[PDB]
Amino acid sequence: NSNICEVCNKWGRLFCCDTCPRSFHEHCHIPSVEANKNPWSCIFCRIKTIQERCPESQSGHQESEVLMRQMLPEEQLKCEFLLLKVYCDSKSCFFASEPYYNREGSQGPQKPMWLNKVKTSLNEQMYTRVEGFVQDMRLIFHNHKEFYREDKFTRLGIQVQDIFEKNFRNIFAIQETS
Ligand SMILES: [Zn+2]
Ligand SMILES: [Zn+2]
Ligand SMILES: [Zn+2]
């Protein structure tokens, strides 16, 4: 097994995957690493199993169809993995915790949003469709772009949104386009 957490790249109290060499901090894994379960399989392994059981699940899909899917267990897992892939980027620190807004010439967003809030919402099964989760994720970056206007800090939102979107297209097998 790896000697650093797959998400945050730090050592510490790590839980080891039984079916792959990845390791995790308890609350870096999503969902939080389960108490018992020997063997234990991480989210990466669980996603790979989905694809192996149903190879046709990798044929291209329309985003509009994906978004209307109900959050059954497989879609729940896929959203958890997509959230985890965003946390894997170090630039996610800027969007993890509850933001505050006091900048000359800007007004804060009407609906603030952050990664830890999405994390809790997923944990508490508050999203009924994939669209719920994706809307809150995209709102994180949209709020950031609007607030930071022409400050170059706006680019952090662009960068983390790009990681989100690339991973969304990969995990949900969105049909490739030009
Ligand atoms: Zn970690
Ligand atoms: Zn694994
Ligand atoms: Zn199948």
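Here the structure is shown first, and the text comes after it.
We now turn to the structure provided with this report. (Residues numbered from 1 in each chain as written, not as in the entry; some residues may be left out. Chains lettered and ligands numbered in written order. Heavy atoms only, no water. Residues with missing side-chain atoms left out of burial classes, pairs and counts.)

This next bit is on the packing of helix α6 (residues 130-148) against helix α7 (residues 154-171). In the contact formed by α6 and α7, the axes pass within 8 Å of each other and the chain directions differ by 160°. By the angle class used here, α6 and α7 are roughly antiparallel. Remark: the crossing between α6 and α7 carries left-handed chirality. Along its contact with α6, which presents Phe133, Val134, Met137, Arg138, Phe141, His144, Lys145 and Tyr148, the element α7 presents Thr154, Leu156, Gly157, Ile158, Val160, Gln161, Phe164, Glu165 and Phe168. Here the residues of the contact of α6 with α7 sort into 10 nonpolar, 4 polar and 3 charged. (Axes fitted to C-alpha atoms, helices over the stretch in contact; angles between N-to-C directions. Helix = DSSP H or I, 4+ residues; strand = E, 2+ residues; numbered from the N terminus. Parallel < 35°, antiparallel > 145°, perpendicular 65-115°, else oblique. Left-handed = near helix turned anticlockwise from the far one by under 90°. Contact = heavy atoms within 4.5 Å. Nonpolar A, V, L, I, M, F, W, Y, C, P; charged D, E, K, R; others polar.)

Our next topic: the coordination of the zinc ion (ligand 1). Taken together, the protein donors to the zinc ion (ligand 1) comprise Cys5 (SG), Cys8 (SG), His25 (ND1) and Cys28 (SG), at separations of 2.2 to 2.3 Å. For the zinc ion (ligand 1), the 4 donor atoms in the first shell make angles of 98 to 119° at the metal, so the coordination geometry reads as tetrahedral. Summarised as a motif, the one-chain spacing of the donors to the zinc ion (ligand 1) is C-x2-C-x16-H-x2-C. Comparing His25 with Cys28, the two get one shared label, buried. (Donors = N, O, S within 2.8 Å, 3.2 Å for Na, K, Ca; no water. Tetrahedral: all angles 85-135°; square planar, octahedral: opposite > 155°, others 65-115°. Buried < 20%, exposed > 50% of the residue type's maximum accessible area, 1.4 Å probe, protein only.)

Another aspect to go through is the coordination of the zinc ion (ligand 2). At this site the zinc ion (ligand 2) is bound by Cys17 (SG), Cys20 (SG), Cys42 (SG) and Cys45 (SG), with donor distances of 2.2 to 2.4 Å. Coordination geometry of the zinc ion (ligand 2): the 4 donor atoms subtend angles of 105 to 118° at the metal centre, consistent with an arrangement described as tetrahedral.

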